[PDB]
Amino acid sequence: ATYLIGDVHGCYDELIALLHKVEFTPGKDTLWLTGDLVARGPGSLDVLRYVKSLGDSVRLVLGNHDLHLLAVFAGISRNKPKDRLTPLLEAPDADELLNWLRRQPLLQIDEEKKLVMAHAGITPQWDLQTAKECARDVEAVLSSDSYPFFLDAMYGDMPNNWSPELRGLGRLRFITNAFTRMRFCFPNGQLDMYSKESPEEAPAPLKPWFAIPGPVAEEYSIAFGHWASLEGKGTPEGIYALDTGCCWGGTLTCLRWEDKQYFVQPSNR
């Protein structure tokens, strides 16, 4: 069976309880994870160890908090105490875990399931080939010996409009923001980098990225996490918002793909 789980954010106990509820069995089942495995919750180290141990039985995409952890690890950014990353950073296998994590994709595609996953979703300005190429570019820099330079360069909110003519730092920054930070779009699909509220509370003319018709969403289902204030609600058919805010005292949500059946684990906080 195929299980998809939203942002874990170090909530290892809830993740294990949820997978035990569905009797997740590596070798018979596959787990998709929307990213943001780490930070806020207490168990980022245990989560990383477990997900890495799954190997071919897990299909991950990186989120903004995974990238921030990599920035902290590489001395690019400062550790925030509230992220609760110090046990992971000081672990004896920290190097092994983080060198694995930085080699993971930003985008997962399964053609037989007609299913696409990325942390924040797929911007309506991309078709499938463009999204594939952008994922490959950013993954290439993240898995290279020089990834700290990219991590340093990724921070920023512009440009917010895709063009195939984008080059260098702006192209890479846009790719990263589209895959890991996107929530609202302008009518022309350009990214807004400030609003984090629910679609109902957003000011005009901002609308969810999935409310703008795009070539990928027209042909594929799209699963994503990231947008906790969405609360997994209000999406059109074929759009699956899996982040229900476990680390925030909400819930950890698991979707079984074969029957679109939902399983929910309450936050322990």
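So that there is no doubt, residue numbering starts at 1 and follows the sequence shown.
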| property | result |
| --- | --- |
| Between 161-169 and 109-117 (mean CA B-factor, as deposited), the higher | 161-169 |
| Residue range whose averaged C-alpha B-factor is higher in the record, 184-192 or 77-85 | 184-192 |
| Highest recorded Cα temperature factor - choice among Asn99, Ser146, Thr176, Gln104 | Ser146 |
| Most elevated Cα B-factor in the entry, residues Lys233, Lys52, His226, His65 | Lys233 |
| Chain thirds of CA B-factor: placement of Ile222 | middle |
| Chain thirds of CA B-factor: placement of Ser267 | highest |
| Cα B factor band for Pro205 (lowest, middle or highest third within the chain) | highest |
| Modelled-residue ranking by C-alpha temperature factor, third containing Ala211 | middle |
| Lowest, middle or highest third - CA B-factor, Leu151 | highest |
